[PDB]
Each structure stands twice: as structure tokens, then as C-alpha cells.
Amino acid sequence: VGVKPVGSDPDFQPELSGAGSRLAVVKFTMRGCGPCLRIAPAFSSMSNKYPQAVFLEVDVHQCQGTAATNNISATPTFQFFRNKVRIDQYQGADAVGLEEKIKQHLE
């Protein structure tokens, strides 16, 4: 359970489809990245805290096409999807701001 890793680009849409109509929060990450590391535990706790939404993790180098088509310019970057459509975005390791926007979507 928890934060689900997307191992390569073709596995990404399946994940977006498999979220059904649930909110999907995708954390775009990469290796040797301090803020990425700082936020990781919190993100994992958020998924524990919100089992009604789906939490995913994409490494921008394992999933280049996904990073590029989502116009990812820095990490960590969180994208928000509902029914496979990107509806929001949040950059950074400020966990408070992140959970506040997740809550605003769980509306």
C-alpha cells in the first residue's frame, strides 16, 4: 500500500485509469534531491491519512516522457488528477501547503 511507484512511462496512464474517479496525487521526484528527500516521509504519511485518494511516485529519469508531457521543471512536484485529467499542481517540500491543497480537493 502507501505511495505506489510508476516504474516506466507506459505504466502511467494505467495508474491514472486505475484511480477511477478518486483524487490522484503524483509526486515527481529524482535521486540526489534534498527537498525530494525532505518531503518523502510526509507524503507517505498523507497517503496513510487519506486512503480515499491514490498516491503515486514518478522518478523523472525513469519516466522521461511523463515528466516532459507534464512539463515538470523541478522536483519535488505534485500533480493532482481526477478522472485522468490534471487539475492542480504544487511544487516543493512544504508539507503544510501540500496537505492543505489535498484537503481542498477532497472537498
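All residue numbers refer to positions in the sequence shown, first residue = 1.
Split the chain's modelled residues into thirds by C-alpha temperature factor. Residue 15 is in the highest one.
Remark: residue 27 belongs to the lowest third of its chain, ranked by C-alpha B-factor as recorded. When the CA B factors of the chain's modelled residues are split into thirds, the value for residue 47 lands in the highest one. Residue 73: CA B factor in the highest third of modelled residues in this chain (values from the PDB entry). Annotation for residue 87: C-alpha temperature factor in the highest third relative to the rest of the modelled chain, per the entry.
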